[PDB]
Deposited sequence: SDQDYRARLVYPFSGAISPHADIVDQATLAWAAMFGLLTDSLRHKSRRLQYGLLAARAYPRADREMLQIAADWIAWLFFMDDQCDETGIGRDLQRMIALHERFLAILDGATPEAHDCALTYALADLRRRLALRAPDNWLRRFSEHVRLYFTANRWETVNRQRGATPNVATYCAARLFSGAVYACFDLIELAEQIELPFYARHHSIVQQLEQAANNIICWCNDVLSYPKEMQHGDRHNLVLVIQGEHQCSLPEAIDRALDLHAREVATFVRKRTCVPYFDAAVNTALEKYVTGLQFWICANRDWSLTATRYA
């Protein structure tokens, strides 16, 4: 059993609002008409609960509804035709990007555009102008990464390990989720601290772990759809090796990346007591996400 190797030298936590938030995410998905096929156990609110465990219910609900939105958007890209049609996806992302800027939805817009607009409207009530910009960009880059994956599928091109790993950092909107840690913990990190190279390298490390963990768990389902945007499948193509060896290599990178994150957590320079207090809350927020992603995915029927 190779899944037992997805381990960390730290533990996670879950919000006491977990179930109340998850049932509210289902009501939210139903309201904006995101529920279509079949849908008893999605439990997208139970991932948010683990990801932002100290968050007040109102903020955790936005995060939960946001995580839900991403899963609905991802399933469309990876298991339907739009993920092989760039023209359709460009037309869709033009509407999303307009909604991110604060444009009101119109009669011709789809359910996902309406849903994103509500999340943007709600984030606007709880986040300052400077935060929305940083969120917009990370989400804008998330769309760009999906258009890139769409082109690869449409042109039948598989990227090398170097290219995939670089693109995979944006293709999961992990940086956009890490932004919500600021609102969840209610911290105002100053520009110099927020964008410091060590914080970036901690974010990059945390992002890789989360994504490479998911790649090990979701390779079977992505393989059946012929979607090779997966560390295991990209490694297999590059090294022309067996699937067990490809999994073994992916887990070696995961293990090495956990070590890097732990090593680099101690390399944060001292700015002042107040700023460093806020940073450890954010860096704790990263660790919560690392665990939240692994804890949920092993129990979730999605990778069964």
> Which parts of the deposited chain sequence are absent from the coordinates, listed in sequence order?
Replying inline: 1 to 3, 42 to 45
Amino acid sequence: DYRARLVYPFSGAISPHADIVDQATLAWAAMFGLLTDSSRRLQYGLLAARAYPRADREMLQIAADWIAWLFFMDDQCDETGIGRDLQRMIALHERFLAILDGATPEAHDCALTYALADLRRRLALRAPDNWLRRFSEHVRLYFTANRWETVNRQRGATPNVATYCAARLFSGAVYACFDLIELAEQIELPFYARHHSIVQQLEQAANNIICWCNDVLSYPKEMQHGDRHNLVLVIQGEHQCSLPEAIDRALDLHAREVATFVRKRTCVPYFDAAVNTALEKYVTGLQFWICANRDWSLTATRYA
From here on, numbers count along this sequence of modelled residues.
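Rigid core here is just the name for the largest C-alpha set that superposes within 1.5 Å across the two forms.
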> Say the other structures are aligned on the rigid core; which stretch then has the higher CA RMS in 5 other deposited structures of this protein, 70 to 78 or 168 to 176?
Replying inline: 70 to 78
> Are coordinates for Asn276 absent in a third or more of the other compared PDB entries?
Replying inline: no
>> So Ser38 is built in this one, but is it left out in a third or more of the other compared PDB entries that include its neighbours?
In response: yes
> Highest Cα B-factor in the PDB entry belongs to which of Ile210, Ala176, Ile82, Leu169?
Replying inline: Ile82
> Taking the entry's C-alpha B-factors for this chain, is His196 in the lowest, middle or highest third?
Replying inline: lowest
> Relative to the other modelled residues in the chain, which third contains the C-alpha temperature factor of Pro53: lowest, middle or highest?
Replying inline: lowest
>> Please place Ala63 in the lowest, middle or highest third of its chain according to the CA B-factor in the PDB entry.
In response: lowest
> Taking the C-alpha B-factors as the PDB entry records them, is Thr163 in the lowest, middle or highest third of its chain?
Replying inline: lowest
>> What third of the chain does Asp118 rank in for C-alpha temperature factor, lowest, middle or highest?
In response: lowest
